[PDB]
Amino acid sequence: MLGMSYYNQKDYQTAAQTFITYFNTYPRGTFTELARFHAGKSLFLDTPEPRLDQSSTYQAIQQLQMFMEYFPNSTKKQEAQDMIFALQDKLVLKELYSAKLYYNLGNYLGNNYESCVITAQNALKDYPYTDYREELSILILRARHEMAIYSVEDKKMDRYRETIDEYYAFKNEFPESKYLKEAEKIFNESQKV
Amino acid sequence: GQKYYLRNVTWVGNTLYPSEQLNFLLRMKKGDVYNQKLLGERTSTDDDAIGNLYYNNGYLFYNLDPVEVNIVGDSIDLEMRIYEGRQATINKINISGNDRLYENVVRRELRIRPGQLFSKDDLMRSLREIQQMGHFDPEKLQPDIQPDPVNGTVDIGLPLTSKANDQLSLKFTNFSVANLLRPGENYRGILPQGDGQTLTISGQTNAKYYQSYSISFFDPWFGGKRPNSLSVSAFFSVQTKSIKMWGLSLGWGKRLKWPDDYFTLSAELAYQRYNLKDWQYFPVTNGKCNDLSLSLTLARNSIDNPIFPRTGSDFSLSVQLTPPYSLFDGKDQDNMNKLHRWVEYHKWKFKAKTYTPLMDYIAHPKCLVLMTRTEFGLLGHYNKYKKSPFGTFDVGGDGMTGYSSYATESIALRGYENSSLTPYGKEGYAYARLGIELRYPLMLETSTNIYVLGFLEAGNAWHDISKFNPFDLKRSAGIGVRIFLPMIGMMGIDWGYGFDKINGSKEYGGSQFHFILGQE
């Protein structure tokens, strides 16, 4: 048995590989849920900053999901539950930065504001229950109005009504929110047309 | 057992392109030998084939089938059956392998966008930009295209392979000032990396003949919102009675849209001061001199690989003025340390390179290339007598040797000793350098890159600009090799035989060796 020594020295790679290789070669090795869950947190703790490669975070998600079904009896099911939530929020934060980048560049070469709305909508659909739903929704609303401004004169009223639909959808989703003031100026500009 | 006569050809399913144009692009006619590849290679493999003519235009939801009918006697009648789907819109872009570089840095240089229609030229251009950026390996890049026929969209995976660029001197290539002044969440003992910004420091600490300090910083996306860049630098140096030089500069670059979108304009403003007493290798001997210079440079760059380019070109046209104090703006050894409190000149340059493959390429990508160079320069003067003692050209040899001094511009001319064509009292106010090269690489890899070449140079320089003559040159020839190191720049070996004489003497010609370091 070695993994816990590597875990105490914060060498997460060796701790992780000495734990997992032992409970892969025999379903519990001889340390059972302790090795599994130490390996799960060790794999979690190497997590990069939210805009690097993310390779270990998908692996962490699937490893914790498969832990929940190898040992559903464990009290560490909760400790994996909130961990997979934290990982999901980081994965969503990456996509949120992507959508923010497309809003920042804007109507530069290409379009980039239609890209912003579809990127953040993909975020909303791929991870339904994240914290960042408010930020993603307001980013949709801002990008909708931004597209409505610069569109060709034959195709502006439809973008305006899409913007007002997003306004009422944001109110339906969040009857109160800290971002309502800018939303309401967007509404007051678009409801005229 | 097969037939051998092409009796007719036919098309069905097409709407997007005219049937006669596809007859031409299929390169067939009735009354010709029946084959299979003759059709297939021209319909499913080659870059002008019909299938590629649909695929590259974003119509990826397609299929195709050569139908054979009337299989009688010697003949077959043929009909092209194809499927036209809906033009694919990009749904997602996934990028992986970026160990040490935020996605912010790379997604801003992509030419494709989510929500726009797919096209081959945009994807190829995006890969060219990534290759030229240099933070990833220029080889072993290929996109993982995945379509979805139910929603009719495509998502692109970009697997990338990383390499770190760093070399007394230091070449931090992905160093961030925002991460320096305010760490994100944990600096964790690491340098403040990211954002694609670069920082560089260099200097000599010999101090008994040479001493120097220098620093530079470059931000390719200033403000993080547009492709316009900021560049700043500064320097200082002693050399043994001594000579003192220091200065700084600030510059600003911008991508253009007029001829094409490869052109980049650059503007820069610079300051320098020279400090001397009882010094002797310059015409100036005692005093202090200044210069303010404004530079405009127009450049175009279209190559594929920085380290061993194989297609494209690199053109530059530059002009560098300092205000004309001799005219009414400023109006009024014998008196030469006089009147050069402020120095005056206007320097012009043209510089072009041109890389072609000679054996197809793409296939057997090790390839073989022919290069080509053509550099001209002029250091003009507003007034016949107040010619600048600083900024002159120095030519002959490796070129690197001249960076023991910073008041001149050193130009390599291979096969002629060092600084041979421009000795003391004959400083160069105009020059020309031409020359072919044929190159073959031995190895191209992430860590190290190797290639061998034979050249054919020709160059010259003049002390008097009015005697510029680009058809009277000191010819050369030779062979050489170069090495790129995992944690250092180039090192290479060049041998050359100088053919013509210099100033009536053959002493500097003949066999010569040059030892290149860093980068030309």
# chains A, B, ... in the order shown; residues from 1 in each chain; ligands from 1
>>> residues_around(residues="residue 313 of chain B", least_positions_apart="2", cutoff="8 Å", atoms="only C-alpha atoms", output="list in words")
residues 300, 301, 302, 303, 311, 315, 352, 353, 354 and 355 of chain B
>>> interface_residues(of="chain A", to="chain B", cutoff="12 Å", atoms="only C-alpha atoms", output="PyMOL selection string")
chain A and resi 47-56+94-123+126
>>> atom_distance(atom1="atom CA of residue 279 of chain B", atom2="atom CA of residue 237 of chain B")
14.8 Å
>>> select_by_dssp(residues="chain A", states="alpha helix (DSSP H)", output="ChimeraX atom specification")
/A:3-8,12-25,33-45,55-70,76-105,113-126,133-150,157-173,180-190
>>> closest_residue(among="B:463, B:206, B:29, B:63", to="residue 78 of chain B", atoms="only C-alpha atoms")
B:29
>>> residues_around(residues="residue 35 of chain A", least_positions_apart="5", cutoff="9 Å", atoms="only C-alpha atoms", output="list in words")
residues 3, 4, 16, 19, 20, 22, 23, 28, 29, 30 and 40 of chain A
>>> write_last_selection(atoms="C-alpha atoms", output="PDB file, in the first residue's frame")
ATOM      1  CA  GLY A   3      -1.135   5.702  -2.401  1.00  0.00           C
ATOM      2  CA  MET A   4      -1.994   7.467   0.855  1.00  0.00           C
ATOM      3  CA  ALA A  16      -3.894   8.386  -8.258  1.00  0.00           C
ATOM      4  CA  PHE A  19      -4.727   3.720  -6.049  1.00  0.00           C
ATOM      5  CA  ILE A  20      -6.431   3.011  -9.374  1.00  0.00           C
ATOM      6  CA  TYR A  22      -4.850  -1.650  -7.383  1.00  0.00           C
ATOM      7  CA  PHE A  23      -8.652  -1.466  -7.586  1.00  0.00           C
ATOM      8  CA  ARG A  28     -11.447  -3.473  -4.189  1.00  0.00           C
ATOM      9  CA  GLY A  29      -7.756  -4.310  -3.828  1.00  0.00           C
ATOM     10  CA  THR A  30      -7.611  -4.391  -0.059  1.00  0.00           C
ATOM     11  CA  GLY A  40     -11.329  10.398  -7.109  1.00  0.00           C
TER      12      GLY A  40
END
>>> closest_residue(among="B:232, B:292, B:481, B:16", to="residue 84 of chain B", atoms="only C-alpha atoms")
B:16
>>> closest_residue(among="B:252, B:397, B:439, B:459", to="residue 376 of chain B", atoms="only C-alpha atoms")
B:459
>>> closest_residue(among="A:59, A:36, A:74, A:44", to="residue 86 of chain A", atoms="only C-alpha atoms")
A:44
>>> closest_residue(among="A:78, A:172, A:190, A:5", to="residue 146 of chain A", atoms="only C-alpha atoms")
A:190
>>> residues_around(residues="segment 153-164 of chain B", least_positions_apart="4", cutoff="10 Å", atoms="only C-alpha atoms", output="PyMOL selection string")
chain B and resi 58+60-61+86-101+112+114-115+117-118+123+127+130+134-149+172-174+446-447+486-487
>>> residues_around(residues="residue 412 of chain B", least_positions_apart="2", cutoff="7 Å", atoms="only C-alpha atoms", output="PyMOL selection string")
chain B and resi 395-399+410+414
>>> residues_around(residues="residue 38 of chain A", least_positions_apart="4", cutoff="12 Å", atoms="only C-alpha atoms", output="PyMOL selection string")
chain A and resi 2-8+10+12-20+23+31-34+42-45+63-64+67+76+79-80
>>> atom_distance(atom1="atom CA of residue 284 of chain B", atom2="atom CA of residue 502 of chain B")
26.5 Å
>>> closest_atom_pairs(of="segment 45-146 of chain A", to="segment 151-168 of chain A", cutoff="10 Å", atoms="only C-alpha atoms", output="Markdown table")
| residue | atom | partner | partner_atom | distance |
| --- | --- | --- | --- | --- |
| A:137 | CA | A:166 | CA | 8.1 |
| A:138 | CA | A:167 | CA | 8.7 |
| A:140 | CA | A:166 | CA | 7.5 |
| A:141 | CA | A:166 | CA | 5.9 |
| A:142 | CA | A:163 | CA | 8.4 |
| A:143 | CA | A:163 | CA | 8.7 |
| A:144 | CA | A:163 | CA | 5.2 |
| A:145 | CA | A:163 | CA | 5.8 |
| A:146 | CA | A:151 | CA | 9.0 |
>>> atom_distance(atom1="atom CA of residue 89 of chain A", atom2="atom CA of residue 175 of chain B")
27.4 Å
>>> decode(residues="segment 172-191 of chain B", atoms="N, CA, C and O atoms", output="PDB file, in the first residue's frame")
ATOM      1  N   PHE B 172      10.967  34.307 -23.143  1.00  0.00           N
ATOM      2  CA  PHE B 172       9.626  33.950 -22.698  1.00  0.00           C
ATOM      3  C   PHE B 172       8.598  34.308 -23.766  1.00  0.00           C
ATOM      4  O   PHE B 172       8.403  35.489 -24.066  1.00  0.00           O
ATOM      5  N   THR B 173       7.933  33.305 -24.341  1.00  0.00           N
ATOM      6  CA  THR B 173       7.099  33.512 -25.519  1.00  0.00           C
ATOM      7  C   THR B 173       5.608  33.606 -25.201  1.00  0.00           C
ATOM      8  O   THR B 173       4.853  34.177 -25.998  1.00  0.00           O
ATOM      9  N   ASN B 174       5.171  33.109 -24.047  1.00  0.00           N
ATOM     10  CA  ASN B 174       3.760  33.085 -23.661  1.00  0.00           C
ATOM     11  C   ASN B 174       3.591  33.615 -22.238  1.00  0.00           C
ATOM     12  O   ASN B 174       2.977  32.991 -21.368  1.00  0.00           O
ATOM     13  N   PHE B 175       4.160  34.795 -22.003  1.00  0.00           N
ATOM     14  CA  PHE B 175       4.223  35.437 -20.695  1.00  0.00           C
ATOM     15  C   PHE B 175       3.200  36.568 -20.615  1.00  0.00           C
ATOM     16  O   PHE B 175       3.162  37.435 -21.492  1.00  0.00           O
ATOM     17  N   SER B 176       2.399  36.581 -19.549  1.00  0.00           N
ATOM     18  CA  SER B 176       1.256  37.484 -19.428  1.00  0.00           C
ATOM     19  C   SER B 176       1.499  38.540 -18.354  1.00  0.00           C
ATOM     20  O   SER B 176       1.915  38.213 -17.238  1.00  0.00           O
ATOM     21  N   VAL B 177       1.219  39.803 -18.691  1.00  0.00           N
ATOM     22  CA  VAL B 177       1.353  40.882 -17.715  1.00  0.00           C
ATOM     23  C   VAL B 177       0.134  40.965 -16.802  1.00  0.00           C
ATOM     24  O   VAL B 177       0.257  41.372 -15.640  1.00  0.00           O
ATOM     25  N   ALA B 178      -1.053  40.605 -17.298  1.00  0.00           N
ATOM     26  CA  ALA B 178      -2.229  40.573 -16.436  1.00  0.00           C
ATOM     27  C   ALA B 178      -2.084  39.515 -15.351  1.00  0.00           C
ATOM     28  O   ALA B 178      -2.416  39.760 -14.186  1.00  0.00           O
ATOM     29  N   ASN B 179      -1.579  38.336 -15.717  1.00  0.00           N
ATOM     30  CA  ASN B 179      -1.328  37.288 -14.736  1.00  0.00           C
ATOM     31  C   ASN B 179      -0.178  37.644 -13.803  1.00  0.00           C
ATOM     32  O   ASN B 179      -0.052  37.038 -12.732  1.00  0.00           O
ATOM     33  N   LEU B 180       0.660  38.612 -14.182  1.00  0.00           N
ATOM     34  CA  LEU B 180       1.717  39.091 -13.296  1.00  0.00           C
ATOM     35  C   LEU B 180       1.163  40.042 -12.241  1.00  0.00           C
ATOM     36  O   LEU B 180       1.412  39.865 -11.044  1.00  0.00           O
ATOM     37  N   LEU B 181       0.418  41.062 -12.671  1.00  0.00           N
ATOM     38  CA  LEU B 181      -0.046  42.099 -11.759  1.00  0.00           C
ATOM     39  C   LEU B 181      -1.251  41.675 -10.929  1.00  0.00           C
ATOM     40  O   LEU B 181      -1.537  42.307  -9.909  1.00  0.00           O
ATOM     41  N   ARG B 182      -1.957  40.621 -11.340  1.00  0.00           N
ATOM     42  CA  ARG B 182      -3.099  40.104 -10.582  1.00  0.00           C
ATOM     43  C   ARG B 182      -3.282  38.643 -10.948  1.00  0.00           C
ATOM     44  O   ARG B 182      -3.957  38.314 -11.934  1.00  0.00           O
ATOM     45  N   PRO B 183      -2.685  37.732 -10.179  1.00  0.00           N
ATOM     46  CA  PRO B 183      -2.826  36.307 -10.478  1.00  0.00           C
ATOM     47  C   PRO B 183      -4.289  35.898 -10.485  1.00  0.00           C
ATOM     48  O   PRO B 183      -5.107  36.441  -9.740  1.00  0.00           O
ATOM     49  N   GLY B 184      -4.619  34.951 -11.361  1.00  0.00           N
ATOM     50  CA  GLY B 184      -6.004  34.543 -11.463  1.00  0.00           C
ATOM     51  C   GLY B 184      -6.519  33.969 -10.161  1.00  0.00           C
ATOM     52  O   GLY B 184      -7.239  34.657  -9.433  1.00  0.00           O
ATOM     53  N   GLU B 185      -6.082  32.754  -9.817  1.00  0.00           N
ATOM     54  CA  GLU B 185      -6.517  32.057  -8.609  1.00  0.00           C
ATOM     55  C   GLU B 185      -5.348  31.461  -7.825  1.00  0.00           C
ATOM     56  O   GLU B 185      -5.446  31.278  -6.607  1.00  0.00           O
ATOM     57  N   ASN B 186      -4.250  31.135  -8.511  1.00  0.00           N
ATOM     58  CA  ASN B 186      -3.073  30.561  -7.854  1.00  0.00           C
ATOM     59  C   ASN B 186      -1.887  30.685  -8.801  1.00  0.00           C
ATOM     60  O   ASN B 186      -1.888  30.057  -9.866  1.00  0.00           O
ATOM     61  N   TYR B 187      -0.876  31.474  -8.425  1.00  0.00           N
ATOM     62  CA  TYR B 187       0.329  31.503  -9.247  1.00  0.00           C
ATOM     63  C   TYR B 187       1.194  30.272  -9.006  1.00  0.00           C
ATOM     64  O   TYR B 187       1.941  29.863  -9.902  1.00  0.00           O
ATOM     65  N   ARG B 188       1.104  29.680  -7.811  1.00  0.00           N
ATOM     66  CA  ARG B 188       1.607  28.331  -7.539  1.00  0.00           C
ATOM     67  C   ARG B 188       3.100  28.197  -7.841  1.00  0.00           C
ATOM     68  O   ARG B 188       3.581  27.121  -8.210  1.00  0.00           O
ATOM     69  N   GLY B 189       3.848  29.288  -7.684  1.00  0.00           N
ATOM     70  CA  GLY B 189       5.275  29.282  -7.925  1.00  0.00           C
ATOM     71  C   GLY B 189       5.681  29.320  -9.380  1.00  0.00           C
ATOM     72  O   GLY B 189       6.885  29.347  -9.669  1.00  0.00           O
ATOM     73  N   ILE B 190       4.724  29.338 -10.301  1.00  0.00           N
ATOM     74  CA  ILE B 190       5.015  29.316 -11.724  1.00  0.00           C
ATOM     75  C   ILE B 190       5.066  30.752 -12.237  1.00  0.00           C
ATOM     76  O   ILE B 190       4.498  31.674 -11.648  1.00  0.00           O
ATOM     77  N   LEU B 191       5.782  30.941 -13.340  1.00  0.00           N
ATOM     78  CA  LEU B 191       5.805  32.210 -14.042  1.00  0.00           C
ATOM     79  C   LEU B 191       4.400  32.563 -14.527  1.00  0.00           C
ATOM     80  O   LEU B 191       3.592  31.673 -14.814  1.00  0.00           O
TER      81      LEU B 191
END
